[PDB]
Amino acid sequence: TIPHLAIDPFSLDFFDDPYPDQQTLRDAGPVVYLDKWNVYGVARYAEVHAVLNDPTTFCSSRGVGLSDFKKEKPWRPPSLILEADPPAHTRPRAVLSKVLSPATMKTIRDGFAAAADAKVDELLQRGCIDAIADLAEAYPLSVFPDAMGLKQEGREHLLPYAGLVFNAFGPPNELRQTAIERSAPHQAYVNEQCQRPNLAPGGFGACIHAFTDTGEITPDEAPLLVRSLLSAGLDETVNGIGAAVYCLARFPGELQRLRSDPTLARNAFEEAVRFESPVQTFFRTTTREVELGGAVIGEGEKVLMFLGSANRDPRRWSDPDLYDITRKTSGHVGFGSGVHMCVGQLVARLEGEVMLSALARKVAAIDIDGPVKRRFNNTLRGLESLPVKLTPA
C-alpha cells in the first residue's frame, strides 16, 4: 500500500533542484518508503503537521537525524531540548523560552536594528556585493555572538560548527562523514564557551546559567543548554535572510510593495522562511506501530518529514511557488510545530525583520549581477554566493 521510491533526498542532484522531486513525493501518496535509506517519508502538509503534533508516537529522543540513538552512538552528547521528549524536554525548554522571551527582545531590538541599518548603508557605498558573505552571513555574525555574550577569540569556529551540526543529522554520506572527521577543534571551542566563566554577564549564555539558581536546570545541565544556542540559530537565519534577498531580487514587484510599506518587513521575512524553508527535512522515530495516512508504520522506524515540501503543498497553499509578502503565513512549518516549535523564533524574526526593514527604507533595486552558487548541506537549504548590485533609494 506504501509506494517505494528511489529518490535520494540527500543527493546533490536533489539539493540542486528539489521541487520536481517534492511533487513526486507528495503525489505518490501520503506516506512513502525511501529504499535508498530504509526510512518512511511524508511530504504533504497534513501528514507533516500531524507527525510534528504527535510527539508520543513520533518521538525525538531517539534522534531527529537518520541515526537511531537506540542503535548507534550519537556523535556528540544528545541535546537536552532538541533530542528529548516530554517530560525531560519541558524544563530545559522553559529556560530557553524565558531566555529568548518577548521581554528579552526589548533589550536587544535597538542594537539589532542599528546594526542592520548600518550594514545596509555600508553595502550601498560599495554597490556590488555578495549578499551571502557580505550581508546574510555578516549581519547575524555582527549581533548574535555579542548577544550570546561570547568572547572575541575563537568565533571563527561558529559557522563550521553550525554546518557540522546540520550535516550530522543526515545519512552517512560524504557530506556527513567529511564533517564529523577532524571536527574535534570545533567541538572543543564550543564546549569551552559553554562554561559559565566564559560568558559575558547579561548575555544569553550567562542568563541560562543564572537559571540554575531556580531549580529549572542543574549547574551540570547549563553547559549543554548553552550549546544548543551555539548549534542552532546561525546557519538557518543566514540562509533565511539570503533567501529573502534572493526573492526580492527575483520578484521585483514584491520589493516595490515592501518599499511602499516597510511595516511588511516582518511578514516579508516570514514568507521567505516558508518559501525557502532553511531547515528542509527533519526526522522522528516511531515508538509504536501507527497508522498514518492509511499506511501502517512499524515501531522503531525513522520517519522523514519534508518541511519545505509541506510549505509548498498546493493542497494547503495557493500559488505555493510564488513569493508573496502579504501572504497569510500562519501555519507554515518552517519553524516546526508543537512542543518543539523553534524556541529561538523571536530572535530569528527580529534579525530578519530589521534587515528587511533597512532594505525597505534604503534600497530601490536589487539586481543579481554575478554567478549564483548553492550551498550544500544534508539538512539546510541556502545559497553560497549571491552577487547583487544594490541601488540606493
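Numbers for residues come from their place in the sequence shown, where the first is 1.
When the mean C-alpha temperature factors of 324 to 332 and 355 to 363 are read from the deposited coordinates, 324 to 332 comes out higher.
For the pair 7 to 15 and 20 to 28, the mean Cα B-factor is higher in 7 to 15. You'll see in the entry that, of 166, 246, 204, 144, the Cα B factor peaks at 144. Which of 254, 270, 213, 174 has the largest Cα B-factor in the deposited entry comes down to 174. Residue 385 sits in the highest third of its chain by CA B factor, as recorded in the PDB entry. Ranked by Cα temperature factor within the chain, residue 183 sits in the highest third according to the deposited record. Split the chain's modelled residues into thirds by C-alpha temperature factor. Residue 225 is in the middle one. Per-chain ranking of the deposited C-alpha B factor places residue 92 in the lowest third.
Compared with the other modelled residues of the chain, the Cα B-factor recorded for residue 74 ranks in the highest third.
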